[PDB]
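By letter and in written order, the chains are A, B, C, D, E and F; residue numbering begins at 1 in each of them.
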Amino acid sequence: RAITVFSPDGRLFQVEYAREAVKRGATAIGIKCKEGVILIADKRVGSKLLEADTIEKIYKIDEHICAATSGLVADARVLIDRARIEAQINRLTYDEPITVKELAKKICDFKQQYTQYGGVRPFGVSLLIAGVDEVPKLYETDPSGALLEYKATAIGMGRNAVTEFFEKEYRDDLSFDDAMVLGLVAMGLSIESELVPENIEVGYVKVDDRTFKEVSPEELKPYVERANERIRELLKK
Amino acid sequence: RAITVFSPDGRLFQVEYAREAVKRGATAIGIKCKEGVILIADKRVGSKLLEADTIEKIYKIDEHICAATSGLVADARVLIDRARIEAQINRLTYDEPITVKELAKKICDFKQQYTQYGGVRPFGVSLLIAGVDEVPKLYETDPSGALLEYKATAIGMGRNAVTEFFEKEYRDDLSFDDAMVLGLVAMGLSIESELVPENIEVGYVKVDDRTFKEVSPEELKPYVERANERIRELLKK
Amino acid sequence: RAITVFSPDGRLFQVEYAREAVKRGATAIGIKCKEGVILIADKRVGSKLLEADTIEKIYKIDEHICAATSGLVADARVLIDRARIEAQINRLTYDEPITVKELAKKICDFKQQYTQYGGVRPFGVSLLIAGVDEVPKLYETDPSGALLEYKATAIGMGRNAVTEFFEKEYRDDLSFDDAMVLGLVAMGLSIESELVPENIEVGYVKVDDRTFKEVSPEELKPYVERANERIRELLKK
Amino acid sequence: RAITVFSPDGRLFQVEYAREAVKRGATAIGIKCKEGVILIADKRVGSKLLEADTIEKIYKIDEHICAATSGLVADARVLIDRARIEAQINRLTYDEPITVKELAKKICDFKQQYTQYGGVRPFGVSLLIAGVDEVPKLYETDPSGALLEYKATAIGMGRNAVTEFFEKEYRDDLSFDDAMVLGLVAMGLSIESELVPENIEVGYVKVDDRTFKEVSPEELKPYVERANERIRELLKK
Amino acid sequence: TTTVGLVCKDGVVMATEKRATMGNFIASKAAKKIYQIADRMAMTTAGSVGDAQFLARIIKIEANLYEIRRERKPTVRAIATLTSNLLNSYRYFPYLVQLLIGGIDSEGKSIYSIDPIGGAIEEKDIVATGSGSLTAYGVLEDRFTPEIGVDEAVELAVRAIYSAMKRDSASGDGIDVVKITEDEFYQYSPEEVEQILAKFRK
Amino acid sequence: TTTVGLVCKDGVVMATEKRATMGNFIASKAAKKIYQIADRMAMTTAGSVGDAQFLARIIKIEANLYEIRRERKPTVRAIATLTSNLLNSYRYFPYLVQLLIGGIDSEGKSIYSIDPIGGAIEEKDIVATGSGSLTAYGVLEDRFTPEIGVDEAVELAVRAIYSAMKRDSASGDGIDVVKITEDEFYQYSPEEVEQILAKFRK
């Protein structure tokens, strides 16, 4: 009899329902290694009529921070812009870039309010925030405003698949290219097949020059190729 | 027909449902002795993919105050930040650190409002606030805004276990190390097994140098070890 | 179809439900004699883990006014602080202490509003306000905002017990010590047994030096003792 | 689906339910004669523990105005204070006492709003406003904000009894003492017995020195006595 | 106006005279300029009568409420910080007042001199305030020693304010003194003061 | 008032004297004009006592909260930017204060001089502030060298503030000095300073 309230189980149905929306979302993956953090997203489209070359799934928050999103697409938009504003405000007041951790807490606090203030609904979206403070970092957010730091993970429908996979293959010492390839593979198993460089997006931030760059389609060819390798092989069972 | 209202029993269901959320929360323990107060929390994770070395469960409020939380994780965040602001405000206006007792009353008053103001819901969280005024102190809060001072206690799912245990083992004259070990034990019984130093957090504030310090993983080894002792032993029945 | 509204009976269910909350409340007693007014409360705890020496049940409002509370514990807090502010305000504007009667009317008016303003719920608490204007005075408040001046009474679960008792034993000419003992007795019958000085609180305000003082545990010994006397004796039937 | 709305009958249930609350109210009477107007109220208490000598049921609004109340006691409080403020405001703006008629209209307009503004409920109280402008006057108010000028009347549970009685005995030429006695009698029949001076209150305002005075318990003796007379006699059938 | 304050080895002393003026018009021969904030805390007020009186009320009320609510007495530092902030907030239309807040607390003994803009100096020994302060400072800085005890410190105080009354037409009419020892918060009464300055010349 | 700050090869040094005045009236011989913001950050305040004191509290509280919340210590740049913005926001009724905020942080060693309007100059070596700054600048610009070490830099600082006390009646009464090395944030105490200026003339 209100909006977002407690159930006898002590849970928030609105938040849980919001989570159902993120599950239906396109899958996004993030991997962290020593040399940096990669974020790769499913860019696949369902019609030759959509401008695929345009569609962007990995967003630049600041120079050293990017993010991937999943859930209600419209809500996600306001959320990343929100994160962008948040980043610039930090510069405006301290003349310094915001840490990936701080930025995450801030949008998470934002989302949390839409969780307990009657005349509003929660954000049907989950976020993958990656960047490099003094070390590479990866965080994933929940519709409730909960924050979690992962070494590697995913959000979206293909979640579980890549989660189980990384659970076995991921390693603290992976190289940048190894780490990335491991990611393209996870994606592959996720969509249940070999990947097409033309419909996947990859962004990263290397610990050397803390600046978000996005892997070009050409630089992708080799990685997708080397990944499709182990994918076909892995798609035996 | 509103939000948080009275039932014919004279109770607030929303508040009670909020309490159901805290019960599901990860367990946290607090023990007070003459030499100070310890706060230990279950840091255990459910995936090798989460950055365990990062996850923080015991928060510093001020130099002489820390707190543990249980319940909705996102609500908890705003609540400890709220407590942090509250502490600094005291400094800003009186040029003096806030007492643990006062700080507690303040966040409890804060939480109490979300209990009778229609367009909002209660905080699905309970807090353990420990610090040292002129003597060590330990308070635990409730979603309703109720405050209680304990000699020793716990919040979260493992609550009852450690409550019954302390009910028998706790003693007003425990030494700092004794008091702490008694806590690691309570935790052990709680999770139904021996503890792994690598997945439990401990923070404290000794009456000597009233400053919150957090037990390092190395300084933990001996304590966990000496605790796992009496744990195995105690896990006979 | 709103919040606090009239029933066909001409009553306010929310207010009555709030009253159900106060009945479940810890019992508190107030006795007025010529030499002053005493307020005694059940300080009894349900765990050796709670700092009993701390727990406070009788509050100082001003120098010449104290109050006991019953019902929702969190609500009570805001209500006494409210009373405290109210008292200082009187000083601020007239440079004079507020009378017990006036202070009572003010918090009662405060409580009355949460009784007819839709976006809010009533205070699930009842108050015993005691002090000494030119003569000792005792008032008890209701969740509805109703005010009543008693010679002696009680609120909380043990209400009826002690009410029936005072209804027979109380006398307009009781001495201060007699009046107090008569009160510890009422408490005794209330909790159905002899009292333990260590778990009851007593405060008062003597007409001589209009200042709220609280009976020390040592000064209690004799009174509790002399009361447990007539208690055991009275607990025959 | 709101709060105070129209029923298919064209009536306001909330207002009618509020009226049910006034019926349950303690009875109050008012009688007007040429020499002035009297207001008498049932002061009877249900416990020897209540300060009867204190309890006030007839309130002074201004020098030439008093009022009696019936219904929710807390609501009544705010309503008379409201009337009091209203009276002074008149003085503040015109440097003149407000007429009884004007004062009544004003609180009636006040009450009327809580009758059609969604986020609030009606006042569960009725009022008897008596004073002397250039001639004695008596008005009675309704939870709806309706105003009525009576020669003689009553509000509360004993209403009908005294209404039927005055309907026969009241006379336009009654003397002050006659009029008053007629009132004590109505009260007697109301409570179904002889009256006790010690538990009835009487206030009035004589046309000679337009100032509200309250009949002292001693000045009452004779009247109550002379009334109990015709009461016993009248309590034959 | 002239008020002094000295921190002795065994407590705190504060004193003021009783004159209130408006130009050369002597409006009062018995104005109150010394207030009790807490059990072991006092405050002297120099400046605008209305402003000082107003602030005095606020200060007391907040000191009380602080204790009643936290069951701890507020430290002079806490009251001084509180007052500084209030004063500074109104820095563009300040309360024309010079305040002296001091006494004994868990942190020790101390006195604070606070100006209209909330500028507070921590007086570790001697301090004067008001139109006569400069003359008062004369004797204070002449006869003061950190080992001075509250008992001779009240004499010194009377001594200084007495000199000041001699060269400040805005000061005079009498003098209040207050001793803050610990075992007590004492206020001397006319008789006792009149007898202390009797060992001088009047 | 006079305060200096110098960035050495091995750290930072900041010093001030202890005088507080109101016209020619020496209100204080021991005013505090040096505050600690973070572990390796200090701040000196010149200007309105009440304004500086007020701002100092805000600065501290915000530095604290910053760290407690982000579990990182704030850089001097951050505090300097923070303070600039605050100062400038009040540009039409500015806080009459000259601030010096510096120390050591992840970015290196630095000092910022900030004015009432929030105009911040990044001091890469030498800086003086207050009514005596111009005299202090005399010796500072005479004996300073980028290779100077914090240990001789504190001597230099005392040296400069000592000269200033000789020509600025608003300065004087003593001098606080603070060394910010990395292994430490040291405050010399009267004894040590008294012995450092002893190699001069007083």
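One rule holds in what follows: a contact is a pair of C-beta atoms (placed from the backbone, for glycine too) under 8 Å apart; a residue touches a chain by one contact, two chains touch by 3 or more.
Chain-to-protein mapping (UniProt): A, B, C, D = Proteasome subunit alpha; E, F = Proteasome subunit beta.
Visitor: Hey, what chains does subunit B (Proteasome subunit alpha) share as contacts with subunit C (Proteasome subunit alpha)?
Guide: Correct list: E.
Visitor: For B-F, which listed pair, C-E, A-F or B-E, repeats its interface with over half of the contact pairs the same?
Guide: Overlap exceeds half of the contact pairs only for C-E.
Visitor: Relative to the centroid of every protein C-alpha atom displayed, which chain's own C-alpha centroid is closest?
Guide: Closest chain centre to the overall C-alpha centroid: B.
Visitor: Between subunit A (Proteasome subunit alpha) and subunit B (Proteasome subunit alpha), what distance separates the C-alpha centroids? Give it in angstrom.
Guide: Measuring from centre to centre gives 32 Å for this pair.
Visitor: Between subunit D (Proteasome subunit alpha) and subunit F (Proteasome subunit beta), what is the gap in Å from one C-alpha centre to the other?
Guide: Each chain's C-alpha centroid was found; their separation is 75 Å.
Visitor: What whole-number Å value describes the gap between the mean CA coordinates of subunit B (Proteasome subunit alpha) and subunit D (Proteasome subunit alpha)?
Guide: Between these chains, centre-to-centre, one finds 58 Å.
Visitor: Identify all positions of subunit E (Proteasome subunit beta) at which a residue touches two or more other chains, and write them in rising order.
Guide: 81, 85
Visitor: Spell out all pairs of chains that touch, sorted by label.
Guide: By the stated definition, chains touch in these pairs: A-B, A-F, B-C, B-E, B-F, C-D, C-E, E-F.
Visitor: Can you name the residues of subunit F (Proteasome subunit beta) that touch subunit B (Proteasome subunit alpha) in the complex?
Guide: Touch residues, subunit F (Proteasome subunit beta) against subunit B (Proteasome subunit alpha): 57-58, 60-61, 64-65, 68-69.
Visitor: Please output the residues of subunit B (Proteasome subunit alpha) touching subunit C (Proteasome subunit alpha) within their complex, sorted ascending.
Guide: Within the complex, subunit B (Proteasome subunit alpha) touches subunit C (Proteasome subunit alpha) at residues 1-2, 4-12, 105, 108-109, 111-112, 115-119, 138, 142, 144-153, 163, 166-167, 170.
Visitor: State the interface residues of subunit B (Proteasome subunit alpha) toward subunit A (Proteasome subunit alpha) in the complex, per the touch definition above.
Guide: Going through subunit B (Proteasome subunit alpha), the ones touching subunit A (Proteasome subunit alpha) are 1-3, 13-14, 17-24, 47-51, 54-55, 72-75, 77-78, 81, 114, 118-124.
Visitor: What residues on subunit C (Proteasome subunit alpha) touch subunit E (Proteasome subunit beta), complex-wise?
Guide: The touching residues are 60-62, 81, 84-85, 88, 91-92, 95.
Visitor: Write out the stretch or stretches of subunit E (Proteasome subunit beta) touching subunit F (Proteasome subunit beta) in their complex.
Guide: So the residues of subunit E (Proteasome subunit beta) touching subunit F (Proteasome subunit beta) come out as 81, 84-85, 87-88, 91-92, 113, 115-122, 124, 134.
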